[PDB]
Amino acid sequence: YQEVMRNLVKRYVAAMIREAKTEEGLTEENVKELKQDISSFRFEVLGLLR
Amino acid sequence: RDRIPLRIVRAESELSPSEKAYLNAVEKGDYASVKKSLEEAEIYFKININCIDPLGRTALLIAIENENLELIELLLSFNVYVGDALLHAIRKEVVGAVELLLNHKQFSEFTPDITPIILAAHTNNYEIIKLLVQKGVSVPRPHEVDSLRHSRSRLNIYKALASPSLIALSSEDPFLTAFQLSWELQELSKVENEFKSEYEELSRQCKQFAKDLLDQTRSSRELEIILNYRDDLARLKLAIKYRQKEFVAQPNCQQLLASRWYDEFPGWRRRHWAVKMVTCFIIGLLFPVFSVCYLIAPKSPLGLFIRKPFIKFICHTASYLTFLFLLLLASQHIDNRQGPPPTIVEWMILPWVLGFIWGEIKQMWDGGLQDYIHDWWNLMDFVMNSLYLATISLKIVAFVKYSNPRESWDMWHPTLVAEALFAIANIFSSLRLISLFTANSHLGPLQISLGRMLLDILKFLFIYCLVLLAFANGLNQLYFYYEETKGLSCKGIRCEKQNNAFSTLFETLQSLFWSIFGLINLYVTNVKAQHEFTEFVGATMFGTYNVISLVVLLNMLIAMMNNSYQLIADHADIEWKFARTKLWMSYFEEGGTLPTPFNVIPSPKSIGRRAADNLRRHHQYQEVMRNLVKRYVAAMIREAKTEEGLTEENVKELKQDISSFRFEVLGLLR
Amino acid sequence: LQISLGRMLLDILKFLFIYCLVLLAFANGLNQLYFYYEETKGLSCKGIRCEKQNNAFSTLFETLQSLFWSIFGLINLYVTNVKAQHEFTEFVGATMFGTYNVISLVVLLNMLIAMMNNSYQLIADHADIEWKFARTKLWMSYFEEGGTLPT
Amino acid sequence: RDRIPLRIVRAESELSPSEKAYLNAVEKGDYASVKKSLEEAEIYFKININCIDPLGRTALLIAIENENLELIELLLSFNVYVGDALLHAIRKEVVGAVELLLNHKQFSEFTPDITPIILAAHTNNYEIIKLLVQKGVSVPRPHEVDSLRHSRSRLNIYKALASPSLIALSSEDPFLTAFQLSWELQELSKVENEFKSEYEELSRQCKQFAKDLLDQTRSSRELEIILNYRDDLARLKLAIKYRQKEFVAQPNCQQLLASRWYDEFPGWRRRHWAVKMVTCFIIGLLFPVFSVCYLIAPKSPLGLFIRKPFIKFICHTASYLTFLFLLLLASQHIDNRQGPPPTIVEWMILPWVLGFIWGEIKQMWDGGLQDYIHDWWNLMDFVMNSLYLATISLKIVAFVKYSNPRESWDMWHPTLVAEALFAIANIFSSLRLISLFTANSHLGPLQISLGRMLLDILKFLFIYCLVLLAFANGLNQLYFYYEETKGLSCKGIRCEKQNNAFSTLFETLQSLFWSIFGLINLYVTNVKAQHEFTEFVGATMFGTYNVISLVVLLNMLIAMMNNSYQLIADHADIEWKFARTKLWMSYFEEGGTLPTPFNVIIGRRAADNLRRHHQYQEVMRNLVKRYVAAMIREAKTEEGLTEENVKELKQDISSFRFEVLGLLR
Amino acid sequence: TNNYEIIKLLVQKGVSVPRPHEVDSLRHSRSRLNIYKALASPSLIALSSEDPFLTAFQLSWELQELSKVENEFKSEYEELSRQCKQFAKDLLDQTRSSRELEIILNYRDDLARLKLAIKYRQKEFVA
Ligand SMILES: CCCCCCCCCCCCCCCC(=O)OC[C@H](COP(=O)(O)O)OC(=O)CCCCCCCCCCCCCCC
Ligand SMILES: CCCCCCCCCCCCCCCC(=O)OC[C@H](COP(=O)(O)O)OC(=O)CCCCCCCCCCCCCCC
Ligand SMILES: CCCCCCCCCCCCCCCC(=O)OC[C@H](COP(=O)(O)O)OC(=O)CCCCCCCCCCCCCCC
Ligand SMILES: CC(C)CCC[C@@H](C)[C@H]1CC[C@H]2[C@@H]3CC=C4C[C@@H](OC(=O)CCC(=O)O)CC[C@]4(C)[C@H]3CC[C@]12C
Ligand SMILES: CC(C)CCC[C@@H](C)[C@H]1CC[C@H]2[C@@H]3CC=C4C[C@@H](OC(=O)CCC(=O)O)CC[C@]4(C)[C@H]3CC[C@]12C
Ligand code: NA
Ligand code: NA
Ligand code: NA
């Protein structure tokens, strides 16, 4: 029974972590991530050319 | 104790920290660090290439989940354990699955029945399905001669075949595939009580796909090629046959059905409604005039004028109406144990009734008895015309072997049974005008919504019949001793005094049934003897019957019809129009057309061309379906964009497209 | 269907307590107004459950029977007469019986209809996952052995 | 003709193409091309700096809409016509408005009443409001001594004051500001039939803000400082006074109200319900025992035991119940034109009735008559106890000046009127047990949902009363000639024969009203004479009355109560709990407490005011701090990205592009 | 927050949760609701439980019968008990290939797990 529950908890956690993606809604803070990933990268490349 | 300890009960190794740095080199987009840490292999201490996280992620799943094709080319350049990372490249609709196709107990996340083309069809992506069909692939057929795999795998096969892209591709015509699949999925959902809401979902998907292929039909004649394709209007007959209620009312199909119903009235559907009432009134008045023609000269203006199917309806219904006015007129006449055929009225009746019987036998020749007994109005015609046969048979049997008491009759004397069955057949005959409502646009959807609440009422009256049997057994059991007064007529109930109400079981059923309404009084539950306890217990039983039947159950029936009528009125006007095209399309065929008395009588008063046409119609229809499948696939792939919802993994794409690019530019400046 | 009705029963039984307080209210009123002016102990039959319906609001128990049967159309208007000639107590007793009929038959009973509409819409969402639970209770009452011998 | 031509009817200049290239140099993020095309000015052929698109866009609005601060610094470095691009930097919640604050008929997009702090409060952004309050700013007061500007500007002022960030900042205590603003916006929505759904929206916003400030209360004693702040439980009395139905049921407030209602039963709310019925039964049975104490010794175990407000309820209601059992027992006794005080039963009654009258006058001393006549059960107590005064007054008047006919009385003889009013007062007295349901958790919300459908029923019975007047005028007008049989009693209706039904108007109203039910038969509409036409027209009038009243109107009343009960049952359990804390909180005060028959028979002030005042302001500093942090956290998780967020990222890639290409080329 | 990865990152270090039972008042009910809100999450039942079906069933029982105790916070403990009642149904949804189902529905510590599931009124586990 613990081996069967190892299988079920394994594929269940994989299933819900798959379903955390398809929520059809992006909070604004996701934009706060991408906007920094362009910004900090900018302040690295301008640190190498200047 | 005081705390509770938390230990990982189900634990793997998990990983080496160098391997954790290798999986941290992916998920960031490092084309440099992954290439170094992969070239450190074949030493090969100590990182294995095929390393697996505590949560899946076999090191090539990360290159797909974070959608990066260069790391897929780098990992497939080496020997990464692929199986089964092709399937993971299908859920995300990555079209890097080309690289998993053209090139190169372990916890599969998928049920092992899943082939690539089944999960390709589940995701409904047209491009990946076309990428697989160009290589293989085969789907197993579902039929047969330990149990979760069988129903699950059968539902994955039917779930894959019902997708509108393996019906767009890989089908001779997608209308037969959508119709027959919707039939097999509906009748398969009836078989398995389990998984009912999933096979109904797939049959609804197939029923919507055909409607959307009709939505892609521009420019009739492209519509008429579809709705005539015999392998008349054969595709609409075959569409009504498979109960495709959304295929009909395309609304492009209702213009073809509507113009063919009106052919060729110049602008009849634009006139004033009272002018429509006058024209339907005077065309309805001239129903012997148009219908003596088509017997004199079927090639004539009037003989071609009754071939108009709107002129068939009014006036089949006008002839039916004069039959009903004549049944009004039957009970206003003359008012003998053996009669004539009485009166002159019934001498006028006999061709109408023989016309309805010939109409029902003639209707059972072409079709039935499954499609005949499917509709309820035809069953009602069987009961009506059967009571007409019983009535005229007991009138003829009454004319023979009888001759004269005024009223002191046998009480089963065949004149009385003939009159009673004749009256019941007049109720069933004059309730047929409710079925004439589906032609009207205002009285139409109303009638069909009531007809769909009837099946939810009939499930409820069975419970009420058990309450009648319950309180009837109680009250009969309590009153068959204390109540039997056989000394004077009248007997009760249907009586001015209401004497013996709960004596027999049949009179008790009548007493409770009429006590639904306020038609049975309280002095009913007295005893002629003096027993106040049995009178009070009988009256309390009658009171709890009135509470359970009139306060509890009848208002539960009201609530049930509220919830049913709210579910029905969503799908009205796409289910009214289906029954309207059944009624319309019952008048398109020829002969057929002679209103009820004139159906049998001379009128009563009282070869390589077959292969050429098959290849011409066949290649013509396949060319039209090439156009429709082309613009339909373009339409749905357009509608996959405007979903107004971005999943989080889209951010997982852009965030890598900035990240990996970063680790390229820093690779060129440093 | 049966289980949705069985789940509306507990919302009905919360409602009949209010109605029982309306019966106690108008029963105390009508008994209090008619125990003087109405007591005819000279002839059987007594009323109610009677062809003449003689003494309806005399005692409290007969008043509860009179109002309860007057939910339905089974108790007539000549019930609220007095053998003596007092038109004011007859009119006040008939107005009390009229407001009883309005509160019970127009106000409360249609509020019970509305209550069962809102309850049956909440119940029918969770039907077929609550029918199947009671079906596996009924199924699983027959899995065990001995047990099995019909009554 | 055959076509229809389409010409721009409303046309500006529009622009020069060089100016179109200048506005195309912005909206792409060009820090180089904008700087060149701005340094080409003061030549100054031919681009003006203040150039305006066909769709607004005064060349600095583009630097805000596409959120770029370097072009705002570049344009504000030169002389761009700013007014009013500060306001456009507030809708988008750009915190580059600092640069429009610290530094530097023309189609304003905004109504000219809009100041920066009003539109700052409309967008509810805490940071921009704090950036403006540090500079000015003042809001006009709304009251007064051509007409769209007045109501629109008043609604913008109230719309700005009702925002939960000019109540978080800029208020002495935000609970009084939320309560008084919710009152002024509700009672202001009643004044103006127009704009009703907007002032109701703002009052709902104020009523939610106070509930969310209670949601930020952790760790009582922080709650009890709030709910005791007298400028008892003064803030809950003031919260019930302003009908803050969501403030109550915080649900943190129901624990404070619930423990104070139970003080101090060890775990009463965990026991079995039948054990609760036994304890309430035997405590309800001993109501003279606990209530003779607090008259003997109010400092005693039993004298402090009736000070428990749950022990006040049961047993005020137990004393009320023995009054009702005794009214059951009144009609089972002895069964004279002049009586005693009859019987011994009423000799027992008089202290209960004088107790209720003293309870209602005592209730009208502390409060009312607005808050007294607001609740309907108190009005019902006024009618009940008034009929008790009329009853005992006609019994005393009956004892004097009378002495003996058995039944042949005056028909307005005061014994009969005393008995009739006594019976009506027993109906109104024993319908009070329905008001005892709000203490119960199962019978509670049901009673209040019915009580909220009553006001929608009473709007409907006015239409029905007009249908009664209509068909009553018709049927009386048709039958006052052909029907008047004054030759034999009984008269009809309330009669075995039902003789004269439509003779007079009052009997016609009785005939139609009883013909709602199946209590009036068809032979009612006959004439003693032989006129079949007037009998058929009278019967058709009675038939259309039965169709309009019993098929049309009564099922419309059913449908009306369906739509009303679906709207009511959403806001149940936050409106049951409000009336439950009214009922609970009617028993918290002292004296007060004696069940119905037994009711009659200095610098330290400045130190306590500064201590309570600074303590409460410290607690409100904590709550406003963590509340503003909470709502600014909830501004993120909205699950919806507007398109203009894409207009930000797309510029952050674009302008960066036009910087890197400026360094490699 | 129900994130499986961060919970596994913490369980590898400590951590302990206090037990809820007992022998000024907002902290007690709030902290008890945070403890039951943490134990009812489907990732501290996925990790850190002997079998998650008994933990989901017994937690759904204690949260339902705990929502009956406290009239306040009723709609939050009912929400958590509904969360536990859904977690068990989703673990049955992850069962492929009976015999994997019959091992679950027979585990006596007949069909003992269905009798124990009907006993705890798990109406969604069944069906
Ligand atoms: C059981 C399957 C069907 C569905 C389940 C039904 C739920 C259970 C039904 C409850 C039983 C009915 C009550 C008992 C009948 C009865 O008392 O009838 C028995 C008698 C009625 O008069 P008799 O005694 O003269 O017969 O009760 C009395 O003696 C008079 C006092 C009782 C007053 C009844 C109060 C109950 C309220 C019912 C009316 C509600 C009206 C709604 C409008 C506001
Ligand atoms: C109180 C807790 C329960 C819920 C609260 C109930 C709300 C209050 C109920 C209002 C009181 C009832 C009205 C008074 C009864 C009465 O008049 O009854 C008293 C008498 C009735 O005839 P008698 O006088 O002969 O008794 O009124 C009359 O004299 C005749 C003229 C009155 C016409 C009544 C008009 C009121 C409309 C009620 C019928 C609505 C039918 C709905 C279908 C369209
Ligand atoms: C007007 C403001 C109020 C709201 C508006 C009301 C809408 C208009 C009402 C329509 C008028 C009522 C119909 C006329 C009454 C009448 O005919 O009553 C008049 C008589 C009734 O019998 P008498 O003739 O003996 O009086 O009609 C007849 O002669 C018998 C044949 C007529 C059959 C009536 C058919 C109408 C259907 C009404 C019953 C519906 C039952 C619903 C359950 C299925
Ligand atoms: C028993 C005798 C006394 C007849 C009494 C009934 C008739 C007066 C009514 C009842 C139903 C009515 C019918 C209801 C519906 C229709 C369909 C309707 O036909 C249409 O809507 C035309 C089609 C279109 O509108 O495109 C009008 C005729 C008809 C037969 C109506 C004709 C008159 C009918 C038979
Ligand atoms: C069933 C018919 C015959 C009516 C019976 C009349 C009385 C015996 C009933 C009518 C209303 C009942 C009351 C309805 C509501 C309440 C509130 C309820 O009090 C509580 O719920 C305690 C508060 C809490 O539970 O926290 C129980 C007592 C009481 C007065 C009940 C006491 C018994 C009463 C008076
Ligand atoms: Na037929
Ligand atoms: Na009736
Ligand atoms: Na009071």
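Protein chains in written order, with PDB author numbering: chain A, 706 to 755; chain B, 15 to 118, 134 to 174, 188 to 273, 285 to 388, 393 to 460, 463 to 665, 692 to 755; chain C, 505 to 655; chain D, 15 to 118, 134 to 174, 188 to 273, 285 to 388, 393 to 460, 463 to 660, 692 to 755; chain E, 152 to 174, 188 to 273, 285 to 302.
Ideal Cβ placement from N, Cα and C applies to all residues, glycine included.
Check: Distance between beta carbons of B/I22 and E/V162, contact taken as under 8 Å; Outcome: 6 Å
Check: Any non-hydrogen atom of ligand 7 within 8 Å of E/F217 CB; Outcome: no
Check: Residues passing the C-beta test against ligand 4 heavy atoms, cut-off 5 Å; Outcome: B/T370, B/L377, B/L492, B/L495, B/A498, B/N499
Check: Short CB-CB distance (under 9 Å) between C/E566 and chain D; Outcome: no
Check: Collapsed DSSP secondary structure at B/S645 in the structure displayed; Outcome: coil
Check: Cβ pair count under 8 Å reaching 3, the stretch 228-243 of chain D against the stretch 260-271 of chain D; Outcome: no
Check: Selected residue, minimal CA-CA separation from E/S245, among E/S224, E/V168, E/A302; Outcome: E/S224
Check: Start-to-end residues for the alpha helix (DSSP H) that takes in B/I453; Outcome: 433-456
Check: Neighbour flag for B/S205 against chain A, beta carbons, 9 Å; Outcome: no
Check: Classification of D/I157 by the beta-carbon crowding that lies within 10 angstroms, buried from 16 upward; Outcome: buried
Check: Supposed contact pair B/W415 and B/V659 - C-beta distance, whole angstroms, cut 8 Å; Outcome: 5 Å
Check: Which listed residue (D/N580, D/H102, D/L581, D/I552) has its alpha carbon closest to that of D/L568; Outcome: D/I552
Check: Within 9 Å, strictly: CB atoms of E/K290 and C/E634; Outcome: no
Check: contact_flag[the stretch 97-115 of chain B, the stretch 510-520 of chain C] where n(CB pairs < 8 Å) is 3 or more; Outcome: no
Check: Spatial distance of E/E214 from A/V709 (CA atoms); Outcome: 12 Å
Check: Residues that E/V168 bridges to, as DSSP identifies them; Outcome: B/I18
Check: Chain-order list of residues whose beta-carbon lies under 7 Å from that of D/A498 (same chain, five-residue window excluded); Outcome: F366, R639, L642
Check: DSSP-derived helix/strand/coil call for B/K106; Outcome: coil
Check: Nearest to residue 769 of chain D (by Cα), restricted to the options D/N614, D/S500, D/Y541, D/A482; Outcome: Coverage of chain D is limited to positions 15 through 755, which leaves residue 769 of chain D absent and any answer about it impossible.
Check: Residues of the stretch 709-739 of chain A whose Cβ lies closer than 8 Å to any Cβ of chain E, in chain order; Outcome: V709, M710, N712, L713, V714, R716, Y717, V718, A720, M721, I722
Check: Neighbour-count burial assignment, B/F378, 16 or more Cβ in a 10 Å radius; Outcome: exposed
Check: Nearest-angstrom Cβ-Cβ length linking B/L160 and B/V112, presumed shorter than 8 Å; Outcome: 6 Å
Check: Which of helix, strand or coil DSSP assigns to D/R24; Outcome: coil
Check: Contacts that E/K298 makes with chain C (C-beta to C-beta distance below 7 Å); Outcome: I633, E634, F637
Check: Closer than 9 Å to chain B by CB, E/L265; Outcome: yes
Check: Endpoints, the alpha helix (DSSP H) within which B/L753 is located; Outcome: 733-754
Check: Residue range of the alpha helix (DSSP H) that includes B/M710; Outcome: 693-724
Check: Length of the line joining the Cα atoms of B/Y200 and E/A210; Outcome: 33 Å
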